[PDB]
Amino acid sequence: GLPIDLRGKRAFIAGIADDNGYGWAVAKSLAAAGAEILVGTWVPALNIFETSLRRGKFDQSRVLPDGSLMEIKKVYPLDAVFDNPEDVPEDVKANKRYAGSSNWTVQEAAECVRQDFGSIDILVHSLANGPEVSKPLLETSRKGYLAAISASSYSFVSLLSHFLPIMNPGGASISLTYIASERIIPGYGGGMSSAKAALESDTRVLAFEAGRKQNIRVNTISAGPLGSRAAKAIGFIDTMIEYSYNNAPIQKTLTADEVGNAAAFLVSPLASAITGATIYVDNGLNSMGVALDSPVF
(Lines of atoms letter the chains of each structure in order from A and count residues from 1; the text may use other names and numbers.)
(Lines give C-alpha, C1' and ligand atoms only; values in the text may rest on other atoms or scores of the structure.)
Protein backbone atom coordinates (compact mmCIF):
# COMPACT_ATOMS: atom_id res chain seq x y z
CA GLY A 1 0.00 0.00 0.00
CA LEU A 2 3.11 2.11 0.15
CA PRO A 3 5.04 1.53 -3.09
CA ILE A 4 8.02 3.38 -4.34
CA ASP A 5 6.23 4.23 -7.56
CA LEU A 6 8.40 5.46 -10.45
CA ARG A 7 6.02 4.37 -13.22
CA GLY A 8 5.93 6.84 -16.04
CA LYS A 9 9.29 8.26 -14.87
CA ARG A 10 12.49 8.13 -16.90
CA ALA A 11 16.01 7.87 -15.43
CA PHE A 12 19.36 8.47 -17.01
CA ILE A 13 22.05 6.45 -15.20
CA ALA A 14 25.62 7.65 -15.80
CA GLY A 15 28.32 5.13 -14.98
CA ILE A 16 27.23 1.56 -15.83
CA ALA A 17 29.88 -0.61 -17.57
CA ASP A 18 29.05 -3.97 -16.10
CA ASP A 19 26.73 -5.58 -13.57
CA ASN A 20 29.13 -5.52 -10.58
CA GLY A 21 28.99 -1.91 -9.37
CA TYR A 22 26.52 0.35 -7.63
CA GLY A 23 25.34 1.82 -10.93
CA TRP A 24 23.84 -1.49 -12.03
CA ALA A 25 22.15 -1.91 -8.64
CA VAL A 26 20.54 1.51 -8.68
CA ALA A 27 19.26 0.78 -12.22
CA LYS A 28 17.81 -2.50 -11.06
CA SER A 29 16.07 -0.75 -8.20
CA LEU A 30 14.64 1.98 -10.31
CA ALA A 31 13.55 -0.59 -12.87
CA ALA A 32 11.82 -2.56 -10.13
CA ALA A 33 10.00 0.65 -9.04
CA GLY A 34 8.80 1.11 -12.64
CA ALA A 35 11.18 3.61 -14.21
CA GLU A 36 12.29 3.60 -17.86
CA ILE A 37 16.04 3.11 -17.86
CA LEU A 38 18.59 5.00 -20.04
CA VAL A 39 22.27 4.29 -19.53
CA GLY A 40 25.44 6.31 -20.01
CA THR A 41 28.41 3.96 -20.67
CA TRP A 42 32.01 5.15 -20.71
CA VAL A 43 33.28 5.04 -24.27
CA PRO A 44 36.20 2.65 -23.82
CA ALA A 45 33.84 0.24 -22.12
CA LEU A 46 30.98 0.52 -24.49
CA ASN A 47 31.75 -2.43 -26.65
CA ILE A 48 32.18 -5.22 -24.17
CA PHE A 49 29.17 -3.89 -22.25
CA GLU A 50 26.72 -3.86 -25.15
CA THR A 51 28.06 -7.23 -26.36
CA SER A 52 27.81 -9.02 -23.04
CA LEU A 53 24.38 -7.51 -22.60
CA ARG A 54 23.45 -8.86 -26.07
CA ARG A 55 24.86 -12.41 -25.52
CA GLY A 56 22.70 -12.58 -22.38
CA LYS A 57 25.75 -12.43 -20.20
CA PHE A 58 23.99 -10.29 -17.62
CA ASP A 59 20.70 -12.07 -17.64
CA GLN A 60 20.93 -13.51 -14.16
CA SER A 61 21.83 -9.99 -12.97
CA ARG A 62 18.74 -8.54 -14.70
CA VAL A 63 16.23 -10.58 -12.75
CA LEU A 64 13.85 -8.34 -10.82
CA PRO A 65 11.96 -9.41 -7.66
CA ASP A 66 9.05 -9.46 -10.00
CA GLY A 67 10.79 -12.43 -11.68
CA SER A 68 10.93 -10.40 -14.88
CA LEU A 69 14.15 -9.07 -16.34
CA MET A 70 15.28 -5.48 -16.27
CA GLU A 71 15.08 -3.62 -19.59
CA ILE A 72 17.66 -1.02 -20.53
CA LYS A 73 15.75 1.19 -22.98
CA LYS A 74 18.98 2.64 -24.51
CA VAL A 75 22.72 2.76 -23.95
CA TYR A 76 24.44 6.05 -24.67
CA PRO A 77 28.23 6.30 -25.08
CA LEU A 78 29.59 8.98 -22.80
CA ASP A 79 32.83 10.47 -21.52
CA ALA A 80 32.00 12.82 -18.66
CA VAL A 81 35.37 14.47 -18.65
CA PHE A 82 34.47 16.23 -21.95
CA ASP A 83 31.66 18.81 -22.08
CA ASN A 84 31.65 19.62 -25.78
CA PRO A 85 33.22 18.46 -28.96
CA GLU A 86 35.66 21.27 -29.13
CA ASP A 87 37.02 20.12 -25.78
CA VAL A 88 38.36 16.84 -27.08
CA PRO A 89 42.01 16.49 -28.10
CA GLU A 90 42.48 14.84 -31.54
CA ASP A 91 44.80 12.67 -29.55
CA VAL A 92 41.60 11.26 -27.92
CA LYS A 93 39.32 11.74 -30.92
CA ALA A 94 41.71 9.56 -32.86
CA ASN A 95 41.76 6.63 -30.43
CA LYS A 96 39.97 3.65 -31.96
CA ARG A 97 37.43 3.44 -29.13
CA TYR A 98 36.45 7.08 -29.27
CA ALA A 99 36.82 6.68 -32.99
CA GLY A 100 34.17 3.95 -33.14
CA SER A 101 31.29 5.94 -31.66
CA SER A 102 29.91 9.41 -31.50
CA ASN A 103 27.90 11.98 -29.60
CA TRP A 104 29.70 11.08 -26.40
CA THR A 105 30.51 14.50 -24.91
CA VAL A 106 28.12 15.62 -22.14
CA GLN A 107 26.51 18.31 -24.28
CA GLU A 108 25.95 15.77 -27.10
CA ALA A 109 24.54 12.97 -24.99
CA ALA A 110 22.10 15.44 -23.45
CA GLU A 111 20.94 16.60 -26.86
CA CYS A 112 20.49 12.99 -27.99
CA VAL A 113 18.35 12.16 -24.99
CA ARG A 114 16.28 15.29 -25.66
CA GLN A 115 15.86 14.27 -29.28
CA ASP A 116 15.08 10.68 -28.32
CA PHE A 117 12.79 11.08 -25.34
CA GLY A 118 12.37 14.79 -24.73
CA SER A 119 12.66 14.65 -20.92
CA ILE A 120 13.82 12.71 -17.91
CA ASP A 121 12.82 12.71 -14.28
CA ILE A 122 15.85 11.19 -12.58
CA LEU A 123 19.59 11.69 -12.94
CA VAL A 124 21.90 9.17 -11.32
CA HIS A 125 25.70 9.80 -11.20
CA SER A 126 27.63 6.70 -10.41
CA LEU A 127 31.04 7.31 -11.75
CA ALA A 128 34.52 8.21 -10.62
CA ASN A 129 38.03 7.93 -11.92
CA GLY A 130 41.43 8.87 -10.57
CA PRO A 131 44.68 7.93 -12.23
CA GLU A 132 46.83 8.43 -9.07
CA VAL A 133 44.48 6.86 -6.59
CA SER A 134 47.20 4.60 -5.26
CA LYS A 135 49.49 7.49 -4.33
CA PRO A 136 49.42 9.41 -1.03
CA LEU A 137 48.42 13.03 -1.43
CA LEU A 138 51.97 14.13 -0.71
CA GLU A 139 52.95 12.21 -3.87
CA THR A 140 50.06 13.14 -6.16
CA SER A 141 50.72 15.45 -9.09
CA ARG A 142 48.72 18.47 -9.94
CA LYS A 143 47.50 16.78 -13.12
CA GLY A 144 46.57 13.60 -11.29
CA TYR A 145 44.64 15.50 -8.65
CA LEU A 146 42.81 17.69 -11.13
CA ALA A 147 41.99 14.62 -13.19
CA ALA A 148 40.30 12.99 -10.20
CA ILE A 149 38.33 16.14 -9.55
CA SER A 150 37.37 16.56 -13.15
CA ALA A 151 36.01 13.05 -13.59
CA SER A 152 34.61 12.49 -10.12
CA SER A 153 33.20 15.88 -9.02
CA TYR A 154 32.87 18.31 -11.90
CA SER A 155 31.35 15.56 -14.09
CA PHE A 156 28.30 15.75 -11.76
CA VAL A 157 28.02 19.51 -12.13
CA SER A 158 28.22 19.12 -15.89
CA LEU A 159 25.65 16.36 -16.20
CA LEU A 160 23.18 18.16 -14.03
CA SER A 161 23.80 21.42 -15.74
CA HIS A 162 23.32 19.91 -19.20
CA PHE A 163 20.35 17.82 -18.31
CA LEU A 164 18.54 20.43 -16.16
CA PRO A 165 16.72 21.89 -19.14
CA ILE A 166 15.08 18.56 -19.87
CA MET A 167 14.34 17.51 -16.29
CA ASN A 168 10.73 17.68 -15.29
CA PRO A 169 10.21 19.73 -12.12
CA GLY A 170 9.72 17.48 -9.07
CA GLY A 171 12.52 15.33 -10.46
CA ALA A 172 15.69 14.30 -8.56
CA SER A 173 19.34 13.37 -8.87
CA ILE A 174 21.55 11.24 -6.70
CA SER A 175 25.33 10.64 -6.65
CA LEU A 176 27.52 8.22 -4.65
CA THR A 177 30.22 9.43 -2.31
CA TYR A 178 32.48 7.85 0.32
CA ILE A 179 33.57 8.79 3.88
CA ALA A 180 37.15 9.56 2.87
CA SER A 181 35.84 13.03 2.16
CA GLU A 182 35.21 13.64 5.92
CA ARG A 183 37.58 11.28 7.71
CA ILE A 184 41.06 10.00 7.01
CA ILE A 185 41.08 6.71 5.10
CA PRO A 186 44.68 5.76 4.23
CA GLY A 187 44.85 4.21 0.74
CA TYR A 188 42.10 6.34 -0.93
CA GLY A 189 44.69 8.56 -2.63
CA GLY A 190 45.36 10.66 -5.68
CA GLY A 191 42.89 13.42 -4.72
CA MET A 192 39.96 11.03 -4.71
CA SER A 193 39.28 12.03 -1.08
CA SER A 194 39.43 15.64 -2.28
CA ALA A 195 37.01 14.87 -5.06
CA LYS A 196 34.47 13.25 -2.81
CA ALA A 197 34.59 16.28 -0.47
CA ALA A 198 33.92 18.58 -3.46
CA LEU A 199 31.08 16.36 -4.68
CA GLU A 200 29.37 16.46 -1.27
CA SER A 201 29.73 20.24 -0.96
CA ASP A 202 28.39 20.63 -4.56
CA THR A 203 25.46 18.44 -3.67
CA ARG A 204 24.40 21.01 -1.11
CA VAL A 205 25.03 24.00 -3.32
CA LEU A 206 23.18 22.39 -6.27
CA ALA A 207 20.21 21.46 -4.03
CA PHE A 208 19.77 25.23 -3.56
CA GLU A 209 20.47 26.20 -7.23
CA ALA A 210 18.46 23.45 -8.84
CA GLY A 211 15.90 23.44 -6.05
CA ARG A 212 15.02 27.06 -6.46
CA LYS A 213 15.41 26.88 -10.20
CA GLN A 214 13.40 23.92 -11.10
CA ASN A 215 12.15 22.13 -8.02
CA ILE A 216 14.73 19.36 -8.46
CA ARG A 217 15.99 17.57 -5.30
CA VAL A 218 19.74 16.75 -5.07
CA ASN A 219 21.26 14.27 -2.57
CA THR A 220 24.24 11.94 -2.30
CA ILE A 221 24.64 8.51 -0.66
CA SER A 222 27.82 7.87 1.31
CA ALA A 223 28.14 4.12 0.67
CA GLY A 224 30.19 1.45 2.44
CA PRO A 225 32.60 -0.98 0.62
CA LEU A 226 30.77 -3.20 -1.75
CA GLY A 227 31.03 -7.00 -1.78
CA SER A 228 31.32 -10.05 0.42
CA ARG A 229 34.53 -10.97 2.25
CA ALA A 230 37.60 -12.26 0.40
CA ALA A 231 39.16 -15.62 1.22
CA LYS A 232 42.25 -13.55 1.74
CA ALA A 233 41.75 -9.84 1.99
CA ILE A 234 44.39 -8.20 -0.09
CA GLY A 235 43.83 -4.93 -1.82
CA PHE A 236 42.15 -1.81 -0.57
CA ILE A 237 38.49 -2.91 -1.05
CA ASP A 238 38.90 -6.46 0.36
CA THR A 239 40.44 -5.24 3.52
CA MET A 240 37.73 -2.55 3.90
CA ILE A 241 34.97 -5.08 3.51
CA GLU A 242 36.46 -7.16 6.30
CA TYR A 243 37.11 -4.08 8.50
CA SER A 244 33.52 -2.85 8.13
CA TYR A 245 32.15 -6.30 8.81
CA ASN A 246 34.09 -6.58 12.04
CA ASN A 247 33.55 -3.03 13.14
CA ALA A 248 30.07 -1.74 12.21
CA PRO A 249 27.26 -1.33 14.69
CA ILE A 250 25.57 -4.21 12.98
CA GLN A 251 27.78 -7.03 11.70
CA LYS A 252 26.81 -7.93 8.10
CA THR A 253 28.05 -7.25 4.63
CA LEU A 254 26.67 -4.60 2.33
CA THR A 255 25.07 -5.78 -0.88
CA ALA A 256 24.51 -3.57 -3.91
CA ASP A 257 20.75 -3.72 -3.62
CA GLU A 258 20.99 -2.15 -0.21
CA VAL A 259 22.32 0.96 -1.84
CA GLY A 260 20.05 0.61 -4.89
CA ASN A 261 17.00 0.46 -2.60
CA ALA A 262 18.00 3.61 -0.71
CA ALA A 263 18.58 5.41 -4.00
CA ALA A 264 15.22 4.37 -5.34
CA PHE A 265 13.57 5.82 -2.22
CA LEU A 266 15.61 9.04 -2.43
CA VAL A 267 14.67 9.84 -6.03
CA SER A 268 10.96 9.07 -5.46
CA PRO A 269 8.16 11.44 -4.51
CA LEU A 270 8.14 9.76 -1.11
CA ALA A 271 11.42 11.62 -0.46
CA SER A 272 9.90 14.98 -1.27
CA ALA A 273 11.20 16.73 1.82
CA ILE A 274 14.75 15.50 1.51
CA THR A 275 17.37 17.49 -0.46
CA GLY A 276 21.07 18.59 -0.12
CA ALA A 277 21.59 15.56 2.10
CA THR A 278 24.42 13.03 2.62
CA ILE A 279 22.75 9.72 3.52
CA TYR A 280 25.00 7.00 4.98
CA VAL A 281 24.23 3.48 3.70
CA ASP A 282 27.19 1.80 5.37
CA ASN A 283 25.87 -0.42 8.22
CA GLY A 284 26.37 2.55 10.52
CA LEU A 285 30.29 2.32 10.37
CA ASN A 286 30.62 6.06 10.12
CA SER A 287 29.16 6.47 13.64
CA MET A 288 31.74 4.32 15.39
CA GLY A 289 34.40 6.05 17.50
CA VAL A 290 36.88 3.12 17.76
CA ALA A 291 37.56 -0.11 15.93
CA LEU A 292 36.30 -3.00 18.05
CA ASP A 293 39.05 -5.19 16.54
CA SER A 294 41.97 -3.10 17.70
CA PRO A 295 44.30 -5.42 19.57
CA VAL A 296 44.25 -3.06 22.57
CA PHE A 297 40.77 -4.38 23.25
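Residues carry their position along the shown sequence, with the first being 1.
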### Given 253-261 and 59-67, the range whose Cα B-factors average higher in the PDB entry
59-67
### Query
Mean C-alpha B-factor higher for 221-229, or for 148-156?
221-229
### Task
Using the temperature factors in the entry, find which of 183, 143, 93, 135 has the highest value at its Cα atom.
93
### Task
Name the one of 206, 78, 99, 128 with the greatest CA B-factor according to the PDB entry.
99
### Task
Using the B-factors in the PDB entry, rank residue 214's C-alpha atom against the chain and give the third, lowest, middle or highest.
middle
### Task
Place residue 87 in the lowest, middle or highest third of its chain's C-alpha B-factors, as listed in the PDB entry.
highest
### Task
Could you say whether, by C-alpha temperature factor, residue 162 belongs to the lowest, middle or highest third of its chain?
middle
### Query
Of the three thirds of its chain by CA temperature factor, lowest, middle or highest, which one includes residue 118?
highest
#### Entry: Ranked C-alpha temperature factor of residue 169 among modelled chain residues, by third
highest
